[PDB]
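The authors' numbering numbers the first residue of the sequence shown as 14 and each following residue consecutively.
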Amino acid sequence: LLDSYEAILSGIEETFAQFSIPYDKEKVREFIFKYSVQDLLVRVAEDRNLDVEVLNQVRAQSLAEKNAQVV
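Structure (structure tokens):
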């Protein structure tokens, strides 16, 4: 049980809001247990008429993922 996933998930929230996207800890924690984060940002981009590459640039710049740690 590594806390790495909450360290990550924190930055997904703050990615999603930069695009007005409805975050949901439930859906996102479920998704990353079944698929990878790569797939998540593809799936919502496809839905939202975005481009996964942009969501990756905003994913890259979370202070949350820089601040947080792994046990």
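Ideal Cβ positions, reconstructed from N, Cα and C, are used throughout, including at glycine.
Residue burial annotation: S75 is buried, with at least 16 other C-beta atoms found within 10 angstroms of its C-beta.
By alpha-carbon distance to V41, the top candidate from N80, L15, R56 is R56.
For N69, the CB contacts under 8 Å within the same chain, skipping 5 residues up- and downstream, are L54 in chain order.
Taking the CA atoms as reference points, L63 sits about 24 Å from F46. Its Cα nearest to that of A58, the residue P35 stands out among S23, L14, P35, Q82.
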